Q: 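I have a structure I would like to understand better, so I am pasting it below and will then ask my questions one at a time.
What you see below is based on every heavy atom in this structure, not just the backbone, and it leaves out hydrogens, waters and symmetry mates. Residue indices begin at 1 and follow the sequence shown.
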Amino acid sequence: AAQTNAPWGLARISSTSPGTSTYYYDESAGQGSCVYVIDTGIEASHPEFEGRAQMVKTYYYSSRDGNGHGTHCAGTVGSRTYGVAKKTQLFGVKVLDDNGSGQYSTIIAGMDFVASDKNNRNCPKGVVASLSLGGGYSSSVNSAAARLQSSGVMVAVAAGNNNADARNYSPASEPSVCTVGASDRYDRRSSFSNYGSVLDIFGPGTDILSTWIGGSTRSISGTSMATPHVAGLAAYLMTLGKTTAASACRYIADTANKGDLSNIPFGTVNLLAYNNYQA
């Protein structure tokens, strides 16, 4: 399948070169997979989600996304126009308040929730969790992410936006999950992207168009935007049967575009997520 005039990041993930604008992908499109977006919520009524999104858990007075961040990330995973995996099922877990903030204890509870809640959902092709959030190093936060991964969920986490080594941030620094840095449309490391040996992969993160609350759209930047590209890619590849939740991060690194990014510090992987789809 070909989506013309796609957001640059979608075109990038199906291309061996920057500077194109058509996204190419297998029509299976993540059907039969599920992606949990652990964030500020998801505006599931947005026409872009086509009935495939739902809130399953909140720790606050509403499950609604009063911020937009979670809706934007969910749109990059799986919206019809802005999403990588256009037929996946999206499940929202609201661990962040409408200012985008959340206590680590709530975030940990949300991760353990997903590890159990997947047993209440139909995801024959597999389960992914996208975590566009983080703070300072916490062994308890890292352990929660490790448990979620161990339970059979492909966990993708943002590297962080400090232009610093991600070893000092959580859950970015957890070795067993997929830690995602951000790149721009010219294949440069995004100016804010964290780096370091703990990164597994880069995805598009600068000037990413996606869904927003109020049935709208906007372009924003962050490792929060790169993470759902990788989460959606994992769901897409799992639906194709090419990999599993336990092996998807390694498979994405195996099959990435290699050596194409600029300003990658010595010791950080130079790997850009790529679907290897041959139309």
Side-chain angles (χ1 to χ4, degrees), residues 7-18 35 37-39 69 72-73 76-77 84 128-137 141-142 145-146 149 154-210 219-235 237 248-257 259-275:
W8 79 263
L10 300 190
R12 191 70 193 83
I13 67 160
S14 59
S15 186
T16 55
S17 286
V35 186
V37 181
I38 304 173
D39 210 292
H69 184 267
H72 195 276
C73 292
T76 298
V77 176
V84 173
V128 181
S130 195
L131 278 157
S132 293
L133 57 76
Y137 179 85
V141 171
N142 282 11
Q149 176 71 52
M154 191 286 180
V155 179
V157 312
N161 305 324
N162 322 94
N163 186 35
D165 197 308
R167 70 195 307 169
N168 282 318
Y169 300 91
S170 288
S173 59
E174 167 51 39
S176 70
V177 302
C178 210
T179 301
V180 184
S183 67
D184 77 12
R185 73 174 72 244
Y186 301 107
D187 284 348
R188 303 179 295 211
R189 181 170 67 87
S190 301
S191 58
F192 48 80
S193 184
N194 284 351
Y195 50 84
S197 62
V198 71
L199 268 69
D200 296 285
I201 192 67
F202 283 80
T206 298
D207 298 332
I208 306 303
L209 182 56
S210 192
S219 175
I220 54 163
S221 299
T223 62
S224 284
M225 288 58 261
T227 302
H229 281 91
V230 172
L233 178 59
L237 294 168
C249 190
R250 187 173 300 203
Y251 179 87
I252 286 166
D254 283 353
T255 59
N257 280 311
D260 293 325
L261 298 169
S262 64
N263 201 34
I264 302 291
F266 197 84
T268 296
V269 295
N270 194 328
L271 299 173
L272 179 65
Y274 174 50
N275 74 359

Q: Using every non-hydrogen atom in the two residues, find where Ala248 and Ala234 come nearest and quote the distance to one decimal.
A: CB-CB, 4.3 Å
Q: When rounded to the nearest 0.5 angstrom, what is the spacing between OG1 in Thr268 and CG in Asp165?
A: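 Those atoms lie 7.0 Å apart.
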Q: Using every non-hydrogen atom in the two residues, find where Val141 and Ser170 come nearest and quote the distance to one decimal.
A: CG1-CB, 3.9 Å
Q: Enter the distance from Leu233:CG to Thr76:OG1 here, rounded to the nearest 0.5 Å.
A: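 So the CG of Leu233 and the OG1 of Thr76 are separated by 13.0 Å.
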Q: So do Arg167 and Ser197 actually touch side chain to side chain, heavy atoms under 4.5 Å?
A: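 Heavy-atom side-chain distance check fails, nothing below 4.5 Å.
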Q: Would a 4.5 Å heavy-atom cut-off, applied to side chains only, mark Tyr195 and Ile264 as touching?
A: no
Q: Measure the CE-OG distance between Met225 and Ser183 for me, rounded to the nearest 0.5 Å.
A: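 These two atoms lie 13.5 Å from each other.
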Q: Could you walk me through whether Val180 and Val157 pass the side-chain contact (heavy atoms from CB on, under 4.5 Å) check?
A: CA-CA 6 Å; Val180 184; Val157 312; over 6 Å; no
Q: Closest heavy-atom contact between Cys178 and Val230?
A: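 Closest approach of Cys178 to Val230: SG-CG1, 4.4 Å.
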Q: With a 4.5 Å limit on heavy-atom distance, are the side chains of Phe192 and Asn162 in contact?
A: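 When only atoms from C-beta onward are counted, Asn162 and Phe192 do not touch, as no gap falls below 4.5 Å.
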Q: Between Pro171 and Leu133, is there a side-chain heavy-atom distance shorter than 4.5 Å?
A: yes
Q: Considering non-hydrogen atoms only, spot the tightest contact between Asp207 and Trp8 and give its length.
A: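 Looking at all heavy atoms of both residues, the closest pair is O-NE1, 3.2 Å.
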Q: With a 4.5 Å limit on heavy-atom distance, are the side chains of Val84 and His229 in contact?
A: yes
Q: Please identify which of these residues, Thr206, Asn163, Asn270, meets the side-chain hydrogen bond (donor to acceptor under 3.5 Å, both in side chains) condition with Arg189.
A: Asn163
Q: Do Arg185 and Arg12 come close enough that some side-chain heavy atom pair is under 4.5 Å?
A: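 Of all side-chain heavy-atom pairs linking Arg12 with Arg185, none is under 4.5 Å.
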Q: Can you find a heavy atom in the side chain of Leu272 that is under 4.5 Å from one in the side chain of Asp260?
A: no
Q: If you compare all heavy atoms of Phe202 against all heavy atoms of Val269, which two are closest, and at what distance to 0.1 Å?
A: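 So the minimum-distance heavy-atom pair works out to CE1-O, 3.4 Å.
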Q: May I ask you to check whether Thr223 and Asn161 show a side-chain donor-acceptor distance below 3.5 Å?
A: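 Distance-only check passes for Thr223 and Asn161.
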Q: Taking atom CG of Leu271 and atom CD1 of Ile252, what is their separation to the nearest 0.5 Å?
A: 11.0 Å
Q: Can you name the closest pair of heavy atoms from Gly222 and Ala182 and give their distance?
A: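 The pair with the smallest heavy-atom distance is O-CB, 4.1 Å.
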Q: Any sub-3.5 Å donor-acceptor pair from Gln149's side-chain atoms to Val155's backbone N or O?
A: yes
Q: For residues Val198 and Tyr169, determine if any side-chain heavy atom of one lies less than 4.5 Å from a side-chain heavy atom of the other.
A: no
Q: So, taking the atom named CG in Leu199 and the one named OG in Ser193, what distance separates them when rounded to the nearest 0.5 Å?
A: 6.0 Å
Q: Are side-chain N/O atoms of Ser132 and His69 paired as donor and acceptor at under 3.5 Å?
A: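 No, no side-chain donor-acceptor pair sits under 3.5 Å.
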Q: Report yes or no: does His72 contribute a side-chain atom to a donor-acceptor pair with the main-chain N or O of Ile208 at less than 3.5 Å?
A: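 Pair found, side chain donor or acceptor close to backbone of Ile208.
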Q: When rounded to the nearest 0.5 angstrom, what is the spacing between CD1 in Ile201 and OG1 in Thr179?
A: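 Rounded to the nearest 0.5 Å, the CD1-OG1 separation comes to 11.5 Å.
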Q: Please assess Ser173 against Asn168 for the test side chain to side chain donor-acceptor pair (under 3.5 Å), listing each intermediate value before the final yes or no.
A: CA-CA 7 Å; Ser173 59; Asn168 282 318; over 6 Å; no
Q: How about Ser190 and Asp184: does a side-chain donor come under 3.5 Å of a side-chain acceptor?
A: no
